[PDB]
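Engineer: Have a look at this one before I ask anything.
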There are 2 protein chains.
Amino acid sequence: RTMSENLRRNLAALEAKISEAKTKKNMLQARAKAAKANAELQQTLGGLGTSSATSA
Amino acid sequence: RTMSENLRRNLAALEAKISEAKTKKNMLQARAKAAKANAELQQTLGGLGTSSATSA
């Protein structure tokens, strides 16, 4: 029973790290695509400069 | 929700600046053509000088 329960620690770790990596995949991918849009919002603050380039 | 609402600030800014630029287009064009007529009214005050040029 003693070493077997340490295998249960090990298996509990495998599922924990793998499942957490799956939620990281969602969060990071979502955050990445979102960040491309937020970067385009910074660029849209820069869009005011692109209109300025002929507003003169 | 936090960064998304900042995209709503950004989009609210895009529409605000663009729509205001559209009302500026109307006001400035109208004012420009109007000003050409008002300049012709100053010139018409000058028309009194053009008649003076043979009133002598």
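Letters A, B, ... mark the chains of the structure tokens in the order given; residue numbers begin at 1 per chain; ligand numbers begin at 1, in order shown.
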Show me, as a list in words, the residues of chain B whose atoms get within 10 Å of chain A, using only C-alpha atoms for the distance check.
Structural biologist: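 Applying the cut-off to the listed atoms yields residues 3, 4, 6, 7, 8, 9, 10, 11, 13, 14, 17 and 18 of chain B.
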Engineer: Report the distance between atom CA of residue A:54 and atom CA of residue A:36 in Å, rounded to one decimal place.
Structural biologist: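 These atoms are spaced 26.6 Å apart.
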